[PDB]
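Colleague: Dropping a structure here in structure tokens format, bear with me for questions.
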Amino acid sequence: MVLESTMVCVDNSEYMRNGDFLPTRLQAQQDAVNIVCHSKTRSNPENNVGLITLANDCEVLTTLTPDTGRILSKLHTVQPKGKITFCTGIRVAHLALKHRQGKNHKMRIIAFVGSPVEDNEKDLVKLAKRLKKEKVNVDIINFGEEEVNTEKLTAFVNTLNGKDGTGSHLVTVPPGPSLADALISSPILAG
Amino acid sequence: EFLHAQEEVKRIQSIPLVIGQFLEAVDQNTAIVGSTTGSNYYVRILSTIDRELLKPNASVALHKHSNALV
Amino acid sequence: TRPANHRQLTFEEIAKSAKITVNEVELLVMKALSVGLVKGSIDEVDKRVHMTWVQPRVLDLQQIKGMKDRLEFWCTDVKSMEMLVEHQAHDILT
Amino acid sequence: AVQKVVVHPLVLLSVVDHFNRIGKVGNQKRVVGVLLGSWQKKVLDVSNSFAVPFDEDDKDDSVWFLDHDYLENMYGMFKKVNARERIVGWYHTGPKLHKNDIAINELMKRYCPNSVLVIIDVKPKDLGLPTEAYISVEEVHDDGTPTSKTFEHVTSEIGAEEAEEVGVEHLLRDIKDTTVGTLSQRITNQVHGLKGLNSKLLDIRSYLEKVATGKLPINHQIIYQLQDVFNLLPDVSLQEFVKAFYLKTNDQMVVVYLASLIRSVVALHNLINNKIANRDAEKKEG
Amino acid sequence: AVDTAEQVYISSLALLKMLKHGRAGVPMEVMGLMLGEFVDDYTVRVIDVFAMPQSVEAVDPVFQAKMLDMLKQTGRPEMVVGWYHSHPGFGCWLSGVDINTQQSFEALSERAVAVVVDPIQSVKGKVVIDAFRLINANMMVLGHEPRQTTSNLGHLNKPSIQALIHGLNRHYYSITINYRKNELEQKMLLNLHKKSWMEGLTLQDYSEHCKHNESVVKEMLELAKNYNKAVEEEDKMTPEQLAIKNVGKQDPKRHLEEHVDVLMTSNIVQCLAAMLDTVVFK
Amino acid sequence: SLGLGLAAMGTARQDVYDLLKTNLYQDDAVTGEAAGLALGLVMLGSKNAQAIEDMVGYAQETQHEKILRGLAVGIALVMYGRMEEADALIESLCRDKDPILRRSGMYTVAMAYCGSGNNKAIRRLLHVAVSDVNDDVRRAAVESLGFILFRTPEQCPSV
Ligand SMILES: [Zn+2]
């Protein structure tokens with residue numbers, strides 16, 4: 001029922017091309033898209049969904065929209081090839097949400113990161129305070145090898161919601177296709 | 001201002017006028033024309049028309065309402 | 001070398017610089033024109049070979065210097081000579 | 001090739017209004033919209049244009065946004081309202097085009113066969129012709145560029161139409177203009193021409209001194225090509241070229257001479273004409 | 001609550017959008033919305049203009065809400081102030097149904113404005129633009145405007161006959177319109193007919209130039225031939241019978257100045273540009 | 001508000017001018033008459049350069065017409081009979097494109113040249129009388145002659 005704008009950062013990098021998840025990371029993150037789109041759908045139809053990738057030329061395949069069937073059409077033949085790119089992923093997800101027609105919606109972002117990232121903590125603190133300005137609380141659910149224990153991401157989050165913010169969160173990527181309804185059992189409205 | 005004056009007169013035509021025929025002129029800037037509507041009229045003319053275009057009943061145009069040699 | 005002042009060079013400087021006989025310089029220049037690195041022409045009553053076109057080559061700093069000299073020397077003449085126009089006609093063109 | 005385009009005066013105003021729309025930011029917000037034109041000929045016609053949301057950061061100019069959704073819907077409306085109109089390219093209000101500007105064309109080359117750019121200038125300090133447009137190509141070089149890709153200058157002009165000339169030129173009454181001014185528009189022409197010459201020379205010398213010394217790339221891009229510009233430089237004062245002038249200039253001088261000759265007599269007629277009527281009406285008046 | 005001397009502020013794009021729409025749909029009444037801003041109780045301001053499909057009854061307003069929406073998100077949100085359509089070759093007068101949409105609209109917004117346009121009667125010098133404002137009939141005897149200033153009364157123009165034959169004061173009241181011009185569009189609109197230095201530095205040609213002078217001089221000789229006979233002729237006929245027998249094929253003294261003028265303006269610039277091209281160049 | 005300055009017109013009441021300023025800076029059409037006239041009226045002959053800068057600085061961004069008119073008269077009244085320093089403002093107002101501010105400057109040159117029989121201002125004043133396009137600043141242009149001709153009043157009916 002809350003007003004927000006979900007911005008998902010899918011991963012069509014090369015490192016998604018493996019089987020640490022049971023079938024494949026493609027089906028894993030795809031299914032997590034299935035649960036997030038149904039989640040926001042059942043929460044509020046006024047909310048809108050927009051997706052982005054992390055490839056060489058990180059792509060807005062679906063502009064921020066409440067419909068999810070278009071995003072489901074985009075999920076297929078995703079072609080997870082290339083290289084995981086993070087700092088420009090949060091950037092393209094960043095400057096995008098200032099193009100919103102509806103402003104009551106809170107800028108939310110969820111990211112599916114399943115490839116080894118090469119970011120820096122000063123980069124995550126600069127981007128983190130930049131996300132302090134607009135208060136874009138982002139909850140990333142990692143799907144595959146991401147970093148050393150998702151390092152530079154809990155630091156990114158805490159440097160985002162510093163001084164007892166606790167709005168953004170960081171999930172884990174070591175076992176498999178986590179039932180995100182179980183991952184957000186308590187944080188069902190705000191992960 | 002005079003050149004602005006000539007152009008603004010041009011709105012009088014707007015195309016759908018009538019196809020008539022010049023017949024004769026009585027004096028300066030006033031003549032007689034027999035329209036293709038079967039009848040004949042006495043009319044004035046515009047000062048813009050060159051007076052070398054006359055003679056042997058030329059094809060002319062006329063206003064619907066006014067019926068003036070334009 | 002010569003800045004197109006008198007570039008209709010006679011055969012002799014060619015036969016000396018290339019140190020070829022006089023009766024071969026024509027066959028050499030016709031080959032060069034056949035290639036297309038130059039667009040000169042050939043006279044025989046004087047045996048002067050006129051030059052028109054030279055392929056653009058590489059240059060350096062000093063060539064940039066004298067080039068800037070030509071550029072300024074021409075630009076200033078252009079501007080001043082337009083100043084002659086405006087001076088000659090102030091209230092005439094409105 | 002397209003080789004030239006004819007842009008109507010509606011656009012170049014339908015961009016200014018939108019630069020005015022997001023013009024409250026002041027600092028920088030590059031205006032980008034959709035260009036609409038006609039598949040006229042090799043030459044291309046440009047009639048309509050519209051806007052689209054677009055933003056971009058300051059550093060790392062790779063973060064820019066064109067709402068494909070907004071483009072799809074609004075152009076659907078403009079096709080429903082005009083199938084005669086169609087997308088032809090795009091524009092941006094940048095006074096000087098940016099390095100980012102190639103990625104936009106490269107993006108929307110899928111809608112148009114080539115979404116030609118359109119650079120407009122809200123403040124053309126130059127009193128020449130503003131709002132010039134480019135179309136990108138590949139010019140892979142001896143250096144070993146995998147894809148030497150850069151835009152191309154294409155000549156353009158201002159469109160015209162019976163109605164729009166009516167409404168515009170009725171609006172031109174706010175200022176005075178001498179378009180029928182005999183032998184005045186020419187003088188203005190050579191004036192503004194020489195002005196453009198001097199401006200271009202000052203620009204090229206600004207670049208040339210910069211590259212000559214201290215800090216600028218010394219590429220083989222132009223450095224000899226502009227030398228070939230020096231190659232032409234016709235040596236005006238020479239032997240037979242004098243016969244070029246004096247064998248024609250006096251020709252035109254003869255015609256001018258005759259024209260003055262008849263003009264004087266024609267002016268002389270009215271002296272007799274009015275000197276007759278004055279005194280003949282006076283003597284009969286008294 | 002009372003009327004005033006109202007003013008119609010415009011947008012320069014609005015005019016062109018009007019004339020192009022009406023001209024394109026010239027053989028019938030073309031309809032469209034007038035979009036602007038209610039600046040005050042005294043003046044109005046229009047800034048945006050657009051139309052819709054019509055085969056005069058407009059079709060689905062789903063175009064309406066989405067149109068205004070996407071116009072809000074790109075640019076900004078604005079207010080609908082009035083509307084417009086065409087009276088092609090007409091008396092630019094509110095038609096019977098045209099007034100019939102007016103009780104519909106003024107009931108929605110108070111200062112709803114009708115806009116009449118004719119791309120037919122408009123000559124390239126001046127356009128025939130128009131707009132009106134419905135008036136009640138219940139107050140047909142009571143005063144409708146206070147008339148606290150000359151501008152909308154003895155300072156504007158005079159009602160035309162072909163529209164006064166329909167309302168002229170009745171069922172509505174006319175309204176004044178002006179043009180606000182941003183300096184930004186003003187400067188560029190100032191310069192749209194100039195060219196680059198190439199045009200001002202062309203030398204057209206001396207073969208077709210000398211050929212041209214050789215042309216005009218030829219028939220100008222004949223113009224002098226006629227001029228001799230005409231001037232010396234002088235029937236003592238009074239200065240107006242000459243003006244009645246000169247209509248015909250008579251034309252000395254007229255072409256003579258013309259050919260001299262053209263031959264002047266050609267040779268002059270033709271010499272001048274050649275002069276500059278040598279003084280300046282090399 | 002309109003007669004407020006006309007009453008205190010010779011006294012040059014800075015105190016009423018103060019509240020008249022903020023009256024003028026309401027960004028409205030109903031207060032434009034409230035402050036626009038009395039503001040300069042209570043500063044008649046004052047030559048308050050900050051007053052000129054306030055009036056001209058505010059009559060550049062407005063949206064109404066009365067707020068342009070009251071300033072158009074106030075700026076023309078702030079300078080009173082100088083003929084030697086008002087020239088920069090007369091040129092600044094006549095070179096404008098504002099159809100009211102030119103006419104505002106056209107009234108100005110009349111008051112800066114109250115009856116001034118100077119044949120200098122007569123050249124360009126009575127020249128923009130010729131080439132002037134706006135009817136407003138045209139009529140205001142020709143209507144400065146008698147305001148600049150008490151030195152020789154017999155000349156108006158000849159020009
Ligand atoms: Zn109608």
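Residues are named by chain letter and number: chains run A, B, ... in the order of the structure tokens, numbers start at 1 in each chain, and ligands are numbered from 1 in the order shown.
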So that I can see what lies close to residue 11 of chain A, please list as a VMD selection string the residues with an atom at most 9 Å from it, counting only C-alpha atoms and leaving out residues fewer than 2 positions away in the same chain.
Modeller: chain A and resid 9 13 to 16 26 29 52 to 55 78 80 to 81 83 to 85 111 to 115 143
Colleague: Pick out the residues sitting within 9 Å of segment 79-81 of chain C, and hand them over as a ChimeraX atom specification; count only C-alpha atoms, and ignore anything fewer than 5 positions along from it in its own chain.
Modeller: /C:74 /D:194-195,197-198 /E:276,279-280
Colleague: Keeping only C-alpha atoms, write the selected residues as a PDB file, in the first residue's frame.
Modeller:
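Output file again.pdb follows:
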ATOM      1  CA  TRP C  74      46.060  37.819 -44.057  1.00  0.00           C
TER       2      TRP C  74
ATOM      3  CA  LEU D 194      33.746  39.328 -43.816  1.00  0.00           C
ATOM      4  CA  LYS D 195      32.717  39.190 -40.157  1.00  0.00           C
ATOM      5  CA  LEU D 197      35.843  35.304 -42.146  1.00  0.00           C
ATOM      6  CA  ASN D 198      37.503  37.236 -39.328  1.00  0.00           C
TER       7      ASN D 198
ATOM      8  CA  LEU E 276      36.798  42.891 -52.286  1.00  0.00           C
ATOM      9  CA  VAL E 279      41.824  43.654 -52.035  1.00  0.00           C
ATOM     10  CA  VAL E 280      41.245  41.196 -49.187  1.00  0.00           C
TER      11      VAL E 280
END
Colleague: Once you count only C-alpha atoms and all ligand atoms, what closest atom pair and distance in Å to one decimal does each residue of chain E within 7 Å of ligand 1 have, with rows by chain and rising residue number, as a tab-separated table?
Modeller:
residue	atom	partner	partner_atom_place_in_ligand_line	distance
E:29	CA	ligand 1	1 (Zn)	6.4
E:85	CA	ligand 1	1 (Zn)	6.9
E:86	CA	ligand 1	1 (Zn)	6.1
E:87	CA	ligand 1	1 (Zn)	5.0
E:93	CA	ligand 1	1 (Zn)	6.6
E:94	CA	ligand 1	1 (Zn)	5.5
E:95	CA	ligand 1	1 (Zn)	4.4
E:98	CA	ligand 1	1 (Zn)	5.6
Colleague: At a cut-off of 12 Å, which residues of chain E touch chain C? Count only C-alpha atoms and give the answer as a list in words.
Modeller: residues 272, 273, 275, 276, 277, 278, 279, 280, 281 and 282 of chain E
Colleague: For those residues, write N, CA, C and O atoms to a file as a short mmCIF file (atom, residue, chain, number, x, y, z; two decimals), in the first residue's frame.
Modeller:
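Okay, this is what ended up in out02.cif:
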data_model
loop_
_atom_site.label_atom_id
_atom_site.label_comp_id
_atom_site.auth_asym_id
_atom_site.auth_seq_id
_atom_site.Cartn_x
_atom_site.Cartn_y
_atom_site.Cartn_z
N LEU E 272 31.66 45.18 -57.15
CA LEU E 272 32.11 45.35 -55.77
C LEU E 272 32.69 44.07 -55.19
O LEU E 272 33.79 44.09 -54.62
N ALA E 273 31.97 42.95 -55.32
CA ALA E 273 32.47 41.71 -54.75
C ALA E 273 33.80 41.30 -55.37
O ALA E 273 34.71 40.87 -54.66
N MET E 275 35.96 43.38 -56.45
CA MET E 275 36.91 44.28 -55.82
C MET E 275 37.40 43.71 -54.50
O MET E 275 38.60 43.57 -54.27
N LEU E 276 36.45 43.38 -53.61
CA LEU E 276 36.80 42.89 -52.29
C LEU E 276 37.60 41.61 -52.35
O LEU E 276 38.54 41.42 -51.57
N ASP E 277 37.26 40.71 -53.27
CA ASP E 277 37.93 39.43 -53.38
C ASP E 277 39.40 39.56 -53.72
O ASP E 277 40.16 38.62 -53.48
N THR E 278 39.81 40.69 -54.27
CA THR E 278 41.20 40.93 -54.60
C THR E 278 41.91 41.83 -53.61
O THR E 278 43.08 41.58 -53.30
N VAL E 279 41.24 42.86 -53.11
CA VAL E 279 41.82 43.65 -52.03
C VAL E 279 42.12 42.76 -50.84
O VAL E 279 43.26 42.67 -50.37
N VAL E 280 41.10 42.03 -50.38
CA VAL E 280 41.25 41.20 -49.19
C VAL E 280 42.19 40.03 -49.44
O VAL E 280 43.11 39.78 -48.65
N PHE E 281 41.98 39.29 -50.52
CA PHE E 281 42.66 38.01 -50.72
C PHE E 281 44.01 38.24 -51.38
O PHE E 281 44.09 38.83 -52.46
N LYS E 282 45.07 37.76 -50.73
CA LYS E 282 46.42 37.82 -51.27
C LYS E 282 46.86 39.24 -51.59
O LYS E 282 47.45 39.93 -50.76
#
Colleague: At what distance in Å, to one decimal, does atom CA of residue 105 of chain D lie from atom CA of residue 49 of chain E?
Modeller: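 These two atoms are separated by 29.1 Å.
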Colleague: Can you tell me how far atom CA of residue 144 of chain F sits from atom CA of residue 40 of chain F, in Å to one decimal?
Modeller: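 That distance, rounded to one decimal, is 19.8 Å.
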Colleague: List the neighbours of segment 38-41 of chain C out to 8 Å using only C-alpha atoms; skip same-chain residues closer than 2 positions along the sequence, and give me the result as a PyMOL selection string.
Modeller: chain C and resi 32-33+36+43+49-55
Colleague: Save out the residues we just selected, N, CA and C atoms, as a CSV table (one decimal), in the first residue's frame.
Modeller:
chain,number,residue,atom,x,y,z
C,32,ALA,N,55.5,10.7,-62.4
C,32,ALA,CA,55.0,11.2,-61.1
C,32,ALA,C,53.6,11.7,-61.3
C,33,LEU,N,53.2,12.4,-62.4
C,33,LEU,CA,51.9,12.8,-62.6
C,33,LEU,C,50.9,11.6,-62.8
C,36,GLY,N,50.2,10.6,-59.4
C,36,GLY,CA,49.2,11.6,-58.9
C,36,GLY,C,49.6,12.3,-57.6
C,43,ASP,N,56.0,22.1,-70.6
C,43,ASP,CA,56.3,22.9,-71.8
C,43,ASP,C,57.6,22.4,-72.4
C,49,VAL,N,58.7,23.1,-66.6
C,49,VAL,CA,57.7,22.2,-66.1
C,49,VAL,C,56.9,23.0,-65.0
C,50,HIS,N,55.7,23.4,-65.3
C,50,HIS,CA,55.0,24.2,-64.4
C,50,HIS,C,54.5,23.4,-63.3
C,51,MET,N,54.5,23.9,-62.1
C,51,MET,CA,53.9,23.2,-60.9
C,51,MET,C,52.6,23.9,-60.5
C,52,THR,N,51.6,23.1,-60.2
C,52,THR,CA,50.3,23.6,-59.7
C,52,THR,C,50.0,23.0,-58.3
C,53,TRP,N,50.0,21.6,-58.2
C,53,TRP,CA,49.6,21.0,-57.0
C,53,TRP,C,50.7,20.2,-56.4
C,54,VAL,N,50.8,20.3,-55.0
C,54,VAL,CA,51.7,19.4,-54.3
C,54,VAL,C,50.8,18.7,-53.2
C,55,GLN,N,51.2,17.4,-53.0
C,55,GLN,CA,50.5,16.7,-52.0
C,55,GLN,C,50.8,17.3,-50.6
Colleague: Extract, using only C-alpha atoms, all DNA, RNA and protein residues at most 12 Å from residue 65 of chain B, discarding same-chain residues fewer than 3 positions from it, and format them as a PyMOL selection string.
Modeller: (chain B and resi 12-13+16-18+62+68-69) or (chain E and resi 162)
